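*Asks:* Protein chains in written order, with the entry's author numbering: chain E, 100 to 119; chain E', 100 to 119; chain D, 114 to 117; chain D', 114 to 117; chain B, 110 to 287, 292 to 577; chain A, 110 to 287, 293 to 577; chain A', 110 to 287, 293 to 577; chain B', 110 to 287, 292 to 577. A prime marks a further copy of an entry chain. Each residue gets a CB set at the ideal place from its N, CA and C atoms; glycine is no exception.
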Amino acid sequence: XXXXXXXXXXXXXXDXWXXX
Amino acid sequence: XXXXXXXXXXXXXXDXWXXX
Amino acid sequence: XXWX
Amino acid sequence: XXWX
Amino acid sequence: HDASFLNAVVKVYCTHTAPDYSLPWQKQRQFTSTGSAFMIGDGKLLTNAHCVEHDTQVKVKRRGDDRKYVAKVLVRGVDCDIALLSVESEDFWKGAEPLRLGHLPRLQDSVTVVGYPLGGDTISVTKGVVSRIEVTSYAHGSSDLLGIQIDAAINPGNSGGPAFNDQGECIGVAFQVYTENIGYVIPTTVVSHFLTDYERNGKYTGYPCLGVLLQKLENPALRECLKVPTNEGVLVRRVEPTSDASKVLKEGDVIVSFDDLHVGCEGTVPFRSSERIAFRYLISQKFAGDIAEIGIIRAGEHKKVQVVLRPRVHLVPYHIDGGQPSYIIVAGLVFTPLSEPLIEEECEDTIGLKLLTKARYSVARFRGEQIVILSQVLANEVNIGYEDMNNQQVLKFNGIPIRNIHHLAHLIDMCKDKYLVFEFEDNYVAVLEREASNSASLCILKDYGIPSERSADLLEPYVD
Amino acid sequence: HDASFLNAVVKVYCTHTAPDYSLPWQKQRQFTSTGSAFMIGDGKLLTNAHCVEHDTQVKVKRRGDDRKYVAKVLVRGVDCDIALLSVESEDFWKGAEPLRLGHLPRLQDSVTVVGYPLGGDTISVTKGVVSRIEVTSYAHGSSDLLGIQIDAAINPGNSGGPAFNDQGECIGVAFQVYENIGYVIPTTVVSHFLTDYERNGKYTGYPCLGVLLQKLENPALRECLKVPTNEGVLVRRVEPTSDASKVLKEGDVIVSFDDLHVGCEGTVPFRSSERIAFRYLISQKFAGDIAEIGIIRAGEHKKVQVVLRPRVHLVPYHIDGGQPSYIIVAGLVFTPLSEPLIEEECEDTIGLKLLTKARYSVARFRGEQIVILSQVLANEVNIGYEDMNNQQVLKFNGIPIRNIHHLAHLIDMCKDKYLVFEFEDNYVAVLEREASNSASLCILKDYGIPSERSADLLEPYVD
Amino acid sequence: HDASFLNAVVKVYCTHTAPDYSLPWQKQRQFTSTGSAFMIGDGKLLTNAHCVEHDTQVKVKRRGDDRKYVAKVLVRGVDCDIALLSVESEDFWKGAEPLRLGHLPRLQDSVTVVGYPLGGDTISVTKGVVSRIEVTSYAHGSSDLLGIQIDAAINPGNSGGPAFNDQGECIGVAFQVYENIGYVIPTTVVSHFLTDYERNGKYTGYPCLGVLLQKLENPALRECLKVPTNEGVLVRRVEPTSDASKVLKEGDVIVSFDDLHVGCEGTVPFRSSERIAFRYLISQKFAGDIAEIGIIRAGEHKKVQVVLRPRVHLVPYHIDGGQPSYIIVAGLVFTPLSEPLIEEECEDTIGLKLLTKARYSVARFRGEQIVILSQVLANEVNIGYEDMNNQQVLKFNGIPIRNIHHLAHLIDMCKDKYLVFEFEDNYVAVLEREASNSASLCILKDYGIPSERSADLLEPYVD
Amino acid sequence: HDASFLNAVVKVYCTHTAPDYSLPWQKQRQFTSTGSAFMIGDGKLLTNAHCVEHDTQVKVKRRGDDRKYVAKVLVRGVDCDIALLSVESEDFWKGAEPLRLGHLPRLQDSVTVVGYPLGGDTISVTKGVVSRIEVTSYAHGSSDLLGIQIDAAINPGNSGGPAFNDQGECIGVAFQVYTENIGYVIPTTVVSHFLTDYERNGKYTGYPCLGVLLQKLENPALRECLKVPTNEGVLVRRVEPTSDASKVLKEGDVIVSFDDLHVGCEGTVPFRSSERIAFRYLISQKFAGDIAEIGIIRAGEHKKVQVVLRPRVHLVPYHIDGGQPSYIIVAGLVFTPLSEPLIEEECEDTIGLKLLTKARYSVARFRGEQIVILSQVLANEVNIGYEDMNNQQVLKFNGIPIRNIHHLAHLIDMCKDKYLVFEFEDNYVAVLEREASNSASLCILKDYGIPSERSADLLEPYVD
């Protein structure tokens with residue numbers, strides 16, 4: 100897909116991919 | 100004295116000491 | 114590839 | 114020299 | 110007495126031969142590095158995976174024993190950075206008194222880290238407290254697992270030795286990469306997970322993720338709009354297509370409970386008596402294949418669902434699966450899958466915006482998907498005009514969308530056609546003549562020059 | 110009669126005040142700069158557009174005269190970086206002998222650039238030859254045009270002064286910002307700019323074909339396309355807003371342009387025995403010109419006609435002078451993404467996805483904008499959405515946003531309970547409409563701000 | 110009962126919007142930061158002043174609770190970098206057990222700082238000993254106060270959280286910005307700050323003697339001054355605005371202070387067998403306290419009494435929150451020189467003479483300001499004076515300027531033909547009064563600006 | 110033919126021993142540098158002063174002659190950067206065909222600079238045009254004299270060789286210190306001034322200044338307020354107390370004409386037929402002692418006055434007057450005059466705001482004034498407490514304001530008093546006991562250690 104920012108490291112604030 | 104900026108090199112714009 |  |  | 114504990118700690122010598130991704134018929138320069146490991150019982154030694162990473166050979170030295178011994182890497186989790194080693198034999202293990210695993214510490218609990226600094230023959234020690242218990246990442250961009258922060262700095266050579274209680278139990282494994294004064298420790302719980310993973314499956318199955326992209330609901334109107342009562346829940350913004358969620362969750366779902374633990378405005382969740390923990394923690398304590406029950410609010414309605422949890426599927430992988438990266442060369446056109454290491458090695462430019470975003474912002478649409486790139490073109494009369502082409506994603510071959518590089522490789526071999534037509538990301542098109550490409554084959558890899566047109570894994574047969 | 114030629118070259122003093130692109134109710138810190146200009150005839154001064162850019166005031170000073178005068182900027186082409194200036198004195202122009210424009214030079218021709226270096230306010234001169242003649246890039250405003258390189262380096266204060274023949278004709282305009295490499299805007303570009311403005315009483319701008327091209331240097335590639343000879347370039351993409359989208363197709367091979375053969379590289383005959391980039395031809399036309407194009411489509415020869423217009427930019431460099439557009443709406447500040455905005459904060463806090471959309475995506479229709487949330491002004495209503503900077507916004511209450519004016523309209527008409535903004539990530543911000551309308555004054559009577567719009571967004575909207 | 114102590118430590122989220130000191134009708138770019146605070150009793154939260162500095166909004170978050178709450182800043186001592194916060198919930202304070210303040214520690218005493226590191230929103234802890242106890246510098250706001258150093262480094266998000274005994278008493282407040295060196299504000303400073311505010315319902319601030327001192331370590335020097343023993347410090351200078359100027363004289367030697375002997379170095383007995391800087395004594399008093407001072411003047415012993423007040427700063431660090439003062443007057447923007455102004459533009463464009471006046475010169479009288487021209491907004495009336503930035507202005511129409519309010523008054527009363535400003539260099543700018551009054555609206559309806567004053571300058575002026 | 114001209118150019122070898130200002134009983138490290146000179150006629154060679162600066166020895170080499178010869182420095186202007194050399198003998202000068210001085214060029218006139226690059230035995234040449242004729246500074250902060258800018262870069266070794274017309278006349282001397294592509298040339302006119310200065314007075318008397326601080330009058334209201342008609346005149350803001358002006362001019366005077374040439378809004382003034390020039394130029398073309406007639410507007414009234422023009426008096430000198438800087442040491446307290454070189458060598462900090470401004474912003478109140486500083490204190494039992502004192506200006510000694518360091522030195526020697534009392538700038542006071550200071554004298558300079566308590570010039574008798 101696209102329009103995500105898939106790594107929780109290159110995103111920040113209140114958008115986080117959940118898991119281990 | 101004081102309150103001058105005596106060298107024409109450390110001053111600028113329209114304030115210049117006249118001479119050689 | 115150039116735009117023209 | 115210190116201010117106090 | 111006290112020094113008995115330090116006798117369970119071992120120094121780790123490892124020779125590293127990594128593959129070069131930029132030119133993946135080749136390997137990087139062979140070097141030797143040091144680290145720490147310790148006896149966890151049975152015949153096993155615990156260490157960081159990065160210590161034994163790409164191991165050509167691995168040797169271990171007992172404290173107060175001149176001779177080096179030789180160790181084998183049983184299993185290695187990459188995203189939790191743990192590795193187990195076995196040793197042979199019968200002398201090394203003589204009179205060994207291994208370490209037992211403690212439970213998870215409380216903030217301010219005294220800790221000491223034991224290991225072998227870079228340089229010198231002697232063991233070293235640092236003492237501090239547990240400063241922080243938080244979820245963090247153990248491998249760049251890989252995953253997020255529980256971790257313990259300590260009040261003392263750690264020497265690179267000192268991971269992966271033990272971190273101790275004041276009761277002599279090991280509370281985790283030290284971790285240092287190689292301006293802080295803060296050391297990191299992989300806790301016992303993440304370690305247990307690794308060991309039982311290994312006992313059960315006899316191989317590393319990793320730590321699952323929920324496969325979902327969450328938004329915090331702090332704002333009143335959001336919560337009111339979504340019909341979320343009190344202060345609870347996180348909004349589902351996106352789902353991963355390869356995860357069992359997305360067959361189950363939808364954008365606009367507010368996850369509310371997980372295994373009957375309530376989830377707050379921010380991500381947190383009841384942990385231990387006075388404490389809360391990021392929702393991620395529960396997810397990580399599961400095993401690949403496990404089902405979690407998840408309380409949801411959809412529309413305005415409470416609903417319960419089940420979700421299978423699997424480890425993250427990375428379109429552009431960090432880990433390569435170890436070994437050597439795939440490659441195929443046609444008419445001097447060199448193809449590999451895009452990977453983080455490749456990016457790292459080619460650095461920032463020559464990668465380019467379009468491609469870089471794809472690597473940062475994109476998810477796998479199905480299992481086995483890759484981004485196939487043309488890294489360089491080895492100049493030759495068949496490819497004239499196509500030289501000077503670098504790091505371009507290939508989309509289609511002779512009209513067909515490319516799923517991964519094994520697919521591309523299967524299409525080349527099945528191709529009887531007049532031309533080899535490659536459509537790239539820019540909409541750029543490289544056309545080549547089949548018969549001339551073949552004639553040039555030996556000549557091109559001789560001159561450049563390269564052992565093989567492929568990497569072994571692409572000689573194998575293709576499935577679906 | 111040498112000193113006669115210099116007397117046409119004037120020094121330019123300018124005070125720039127630009128907009129703050131983040132909060133464009135404010136302005137950035139004014140600074141003063143100097144540059145050059147010269148007399149082209151009538152009452153007109155020629156100079157560099159950037160020399161007068163966002164001018165609060167412009168002064169010009171004749172050689173061997175102490176007095177400054179007041180110039181007004183008459184017209185500015187941005188894409189060619191040219192500007193015309195007027196001065197009302199009858200001093201000044203008294204005893205003036207303007208420059209004649211000469212033809213395009215040939216390599217190794219002698220050149221002297223005349224201008225005023227920064228500081229000292231005395232005129233300067235450099236001499237060199239014409240080292241290179243090429244299509245080059247203009248002011249990152251990009252439109253590619255013919256350009257001259259010279260063997261001589263040029264001081265920043267010298268552009269926009271003239272570059273001379275040995276016959277004393279002006280061959281172009283010095284262009285420098287801030293090698294031993296000079297850049298001169300040639301007379302033909304200047305000429306184009308003048309005849310454009312001479313009609314319309316205003317600057318329309320250089321047109322483009324609206325097409326994305328691949329050279330064919332590969333024989334295999336040509337065979338496949340059934341090209342007769344080695345000539346032609348391949349059309350990968352066509353801008354939707356261009357006239358070409360109704361005529362040209364992906365896959366076409368263009369072959370002739372107004373009966374000039376396009377080479378298999380990107381070239382075209384230039385003059386006599388020279389060869390120049392295809393872009394040169396397109397550039398020498400005017401907006402609204404019709405060009406006849408030879409193409410090979412499938413395997414068959416065709417002839418088509420395309421109207422030529424200036425490139426429609428999704429993310430503009432220009433900003434059209436003066437104040438850029440904005441909204442607010444409950445502390446959320448909305449503006450169009452622009453190139454000038456992209457460097458204030460430079461590159462960070464923008465982020466990979468935005469930056470790439472700015473370098474790649476093209477307008478789907480005239481007037482399309484990429485609308486962003488620059489920042490959020492913290493306040494009770496927006497609690498939880500602060501931080502939240504530089505995010506493209508897509509839908510408002512389910513409705514895809516065309517541009518910031520469209521957005522201003524949908525908000526004016528709302529009447530609904532919540533305001534719902536969907537951004538790039540599928541991140542969604544929801545606000546209570548009443549609470550927002552009630553917090554308005556407090557927010558901009560605090561933070562604090564002239565108004566809740568840029569003035570243009572008040573006008574009635576279109577479709 | 111350990112987790113009980115942590116539960117008093119709260120995380121602080123704050124949004125800062127400061128003034129633009131150059132054009133203070135505007136504000137700088139808001140940013141959000143986090144920090145720490147803890148429960149001291151009543152309904153009060155203790156934290157660092159800088160954590161809430163120029164706050165548009167303040168949120169606090171309890172441990173093991175997801176919800177943020179809204180705190181209001183009750184009082185801020187700037188010179189000690191302390192702040193009190195309140196929150197209205199009855200959530201929050203529900204089930205709260207505030208900290209007890211412990212006494213000043215002794216070296217090698219065990220210490221744990223508790224706070225919230227930046228990011229992750231989980232609490233943290235470090236342990237060390239008390240490495241050093243000294244008079245140190247506070248927030249470049251300077252007033253020198255007692256301070257503790259610890260063996261442990263502290264994360265920026267941890268200040269303003271508490272530093273603990275092993276008995277679980279709070280021994281002070283973590284202070285960090287952005293070693294293995296921690297800095298803690300000790301309980302006695304905190305205590306001082308509270309009793310100050312407990313009277314007056316507001317923060318008056320620590321007082322000073324107002325005197326400039328030389329140690330006498332040289333026996334020759336002492337003989338000359340006829341000092342009996344080796345003790346005493348020498349008075350080089352006396353601030354005019356201090357009570358000491360009516361009592362102390364240059365040349366005096368001060369010997370005892372409230373009957374404590376000042377050593378020939380700068381010292382004083384501390385507690386038990388310790389010695390501390392003389393500054394410690396002065397600091398432990400309150401504004402308006404009278405101190406008795408032993409001096410040797412000529413060769414003769416004397417006793418004097420001085421009232422103690424907070425230092426009167428010619429160039430302030432504080433700015434007193436909210437909007438700083440300004441004028442305009444024909445595009446010339448006038449503000450007080452302040453320390454915060456001195457870093458926006460940092461050090462350049464200020465110039466040697468200004469910077470030094472800021473580091474040296476003292477107030478001749480209460481309310482004196484160094485008034486500067488920050489910039490000139492270009493316009494017809496001011497032609498020739500543009501450029502002209504950051505220049506202290508001395509006289510207006512012959513009249514020495516006391517401060518910016520004085521200046522606002524002289525201009526309001528003017529009525530004369532020209533406005534004449536004499537600046538630092540004897541550089542003089544002259545403006546036509548009518549032309550200025552007529553260009554007002556155009557200038558600020560252009561540039562463009564809320565008004566021609568900061569609101570305070572409207573009030574009637576003093577003397 | 111053409112190569113005859115290059116034969117007049119000479120390479121310059123010079124050994125440099127500078128004094129150390131930080132420690133002025135010492136000299137800096139001896140090194141050798143190269144430069145250019147040329148035959149101007151008679152027995153003389155022209156060069157830059159910086160080439161022969163602090164000359165230990167000076168040697169010159171003819172083009173195409175292996176042997177080096179030995180040269181003497183006749184006279185050197187520091188602020189115009191010119192030096193004349195004589196040579197011995199009789200062989201060097203054999204068959205020499207010297208250069209003649211051309212008149213001042215016009216913009217775009219072709220120029221070639223001839224000199225000897227650093228390294229190599231061979232002469233080099235660069236050609237360009239005269240790009241700019243402007244007033245500039247020839248020595249840091251020293252003075253402002255006419256100068257020619259050329260379109261070609263110049264190698265450091267290439268100053269002070271000749272700059273030529275296309276007619277073979279020398280139009281000035283090349284100047285390069287050691292991102293431009295702009296070379297500098299001291300023009301013939303500044304050179305003439307130097308030579309006639311030398312012929313007349315047999316020593317360098319320099320270039321005079323008007324001794325005044327000017328403001329441009331661009332603004333209408335200024336001019337109207339001052340009653341200045343049309344566009345003319347510069348406003349007098351300040352006058353130097355040591356200059357004959359200030360007995361003549363006052364703040365608020367608008368100079369209007371100078372030697373009956375009118376002065377504009379900005380500083381300029383008729384120069385040559387199509388050209389204008391900064392007012393400074395006229396001032397610089399005079400000689401020390403000369404009188405200029407100056408048209409003034411005072412109050413509202415036109416008035417004529419005469420002013421003597423002398424070279425600038427620098428309170429903190431750039432040039433040191435060559436030789437070695439003065440110093441005196443009392444009780445280990447080391448005093449020198451503040452100078453630019455001292456500042457340069459001590460760099461930016463340890464100098465300090467207060468002192469630095471004084472050096473930038475202050476003028477001499479009378480001839481012979483200096484700022485005397487205490488640079489360091491050489492630690493010892495008499496000075497205890499005074500150690501750690503650096504770069505402080507001394508104001509008074511035993512109550513008496515210090516005029517210069519010779520004065521201070523005269524006061525020390527005349528002092529019979531009990532104490533030596535030094536009041537510094539901070540109002541800091543150092544008191545020392547006379548008799549003990551003397552006893553310590555030999556011991557202090559031994560231990561540190563230093564040849565002499567003074568520099569020779571302060572043994573001399575003091576005047577008034």
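With 8 angstroms as the threshold, decide whether the Cβ of B':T381 is near any Cβ in chain A.
*Replies:* In the eighth sequence, the residue the question calls residue 381 of chain B' occupies position 268. With 8 angstroms as the cut-off, B':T381 counts as an interface residue toward chain A.
*Asks:* Going straight from the alpha carbon of A:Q137 to that of A:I557, what length do you get?
*Replies:* By 1-based counting over the sixth sequence, the position of residue 137 of chain A is 28. By 1-based counting over the sixth sequence, the position of residue 557 of chain A is 443. Going from the Cα of A:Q137 to the Cα of A:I557 covers about 22 angstroms.
*Asks:* What's the gap between the Cα of A':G324 and the Cα of A':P271?
*Replies:* If you number the seventh sequence from 1, residue 324 of chain A' lands on position 210. If you number the seventh sequence from 1, residue 271 of chain A' lands on position 162. If you take the alpha carbons of A':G324 and A':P271, they lie about 33 angstroms apart.
*Asks:* What are the boundary residues of the beta strand (DSSP E) that A':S233 is part of?
*Replies:* Along the seventh sequence, read from residue 1 onward, the residue named residue 233 of chain A' stands at position 124. Run containing A':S233: 233–246, per the beta strand (DSSP E) assignment.
*Asks:* Three or more C-beta pairs closer than 8 angstroms, one from the region 375–390 of chain A and one from the region 336–347 of chain A: is that the case here?
*Replies:* Yes: at least three Cβ pairs fall under 8 angstroms.
*Asks:* So with Cβ pairs under 8 angstroms, would you call B':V304 a contact of chain E'?
*Replies:* In the eighth sequence, residue 304 of chain B' corresponds to position 191, counting from 1. Cβ-Cβ to chain E' under 8 angstroms: no for B':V304.
*Asks:* Could you name the residues of chain A' that B:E331 contacts, counting a contact when the two beta carbons are closer than 8 angstroms?
*Replies:* If you number the fifth sequence from 1, residue 331 of chain B lands on position 218. Result: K177.
*Asks:* Does DSSP put A':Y297 in a helix, a strand or coil?
*Replies:* Within the seventh sequence, residue 297 of chain A' is the residue found at index 183, counting from 1. Here A':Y297 sits in strand by DSSP.
*Asks:* Could you run through the region 485–498 of chain A' and flag, in chain order, every residue whose CB is less than 7 angstroms away from some CB of chain B'?
*Replies:* If the cut-off is 7 angstroms between Cβ atoms, the region 485–498 of chain A' has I497, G498 near chain B'.
*Asks:* Would you mind telling me which residues of chain E sit closer than 9 angstroms to B:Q166, beta carbon to beta carbon, in chain order?
*Replies:* Reading the fifth sequence from its first residue, position 57 is the one you call residue 166 of chain B. The contacting residues do not exist; B:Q166 stays about 31 angstroms from chain E at best.
*Asks:* Going along chain A' in order, which residues have a C-beta closer than 8 angstroms to the C-beta of B:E243?
*Replies:* The residue you call residue 243 of chain B lines up with position 134 of the fifth sequence. Those within 8 angstroms of B:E243 in chain A' are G229, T231.
*Asks:* Return the bridge partner residues of A':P514 from the DSSP annotation.
*Replies:* Counted from its first residue, the seventh sequence places residue 514 of chain A' at position 400. Its beta-bridge partners are A':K509.
*Asks:* Enumerate in chain order the residues of its own chain whose CB-to-CB distance from B':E293 is below 7 angstroms, with the five nearest sequence positions on each side excluded.
*Replies:* Walking along the eighth sequence from the start, residue 293 of chain B' turns up at place 180. Excluding residues within five positions, the ones whose Cβ falls inside 7 angstroms are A262.
*Asks:* Taking C-beta pairs closer than 8 angstroms, name the residues in chain A that A':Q135 reaches, listed in chain order.
*Replies:* What you label residue 135 of chain A' is simply residue 26 of the seventh sequence in a count that begins at 1. Simply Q135.
*Asks:* With 8 angstroms as the threshold, decide whether the Cβ of B:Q217 is near any Cβ in chain A'.
*Replies:* The sequence position of residue 217 of chain B within the fifth sequence is 108, counting from 1. It does: the Cβ of B:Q217 has a partner Cβ on chain A' nearer than 8 angstroms.
*Asks:* Quick one: Cα of B:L395 to Cα of B:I407, how far?
*Replies:* Counting from one through the fifth sequence, the residue named residue 395 of chain B turns up at place 282. Counting from one through the fifth sequence, the residue named residue 407 of chain B turns up at place 294. B:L395 and B:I407: Cα-Cα distance of roughly 12 angstroms.
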